[PDB]
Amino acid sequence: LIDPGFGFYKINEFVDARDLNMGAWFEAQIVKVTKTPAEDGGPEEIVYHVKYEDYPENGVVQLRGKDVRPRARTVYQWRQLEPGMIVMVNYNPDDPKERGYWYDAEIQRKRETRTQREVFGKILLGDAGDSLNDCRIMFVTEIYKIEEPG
């Protein structure tokens, strides 16, 4: 894999990339890495050009570093889930009891009932105003560690 010379990923490296229109994370591939033009007053930022694996129709999308990270690999054991942790969960804003998309979430509470282990948290759906408190995370064995670039 070719190193563009700067930034955290190589060309053709597989990454998780945020969808800028609905806030969830998706499997993607790095296709190009550039810097923002300085002509209009900056600031100079690294631009990661990605294509999304399951959505070729979205074409190549230009993302900033905060919208790209290494592919999720690690699921937390129950014991490792603690309030305040920022993790990646599967959640459906439209149909909250159902399978949805991969969103970041802040764990807020967890509990064992006589029926089941349960986790609630704040789903980070976009910007700070677009967050939802006390959402039940429906898939507690699929809560992923968020990876850091590098």
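Start at 1 and count along the sequence shown; that's the residue number.
Do the CA atoms of 110-118 or those of 97-105 have the higher mean B-factor in the entry?
-> Going by the record's values, the stretch with the higher mean is 110-118.
Between 65-73 and 47-55, name whichever shows the higher mean Cα B factor according to the PDB entry.
-> Between 65-73 and 47-55, it is 47-55.
Out of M85, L124, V31, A38, residue topping the C-alpha B-factor column of the entry = Of the candidates given, the C-alpha B-factor peaks at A38.
Among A24, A128, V15, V140, which residue carries the highest C-alpha B-factor recorded in the PDB entry?
-> Comparing C-alpha B-factors across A24, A128, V15, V140, the top value belongs to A128.
Taking the entry's C-alpha B-factors for this chain, is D3 in the lowest, middle or highest third?
-> According to the entry, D3 has a C-alpha B-factor in the chain's highest third.
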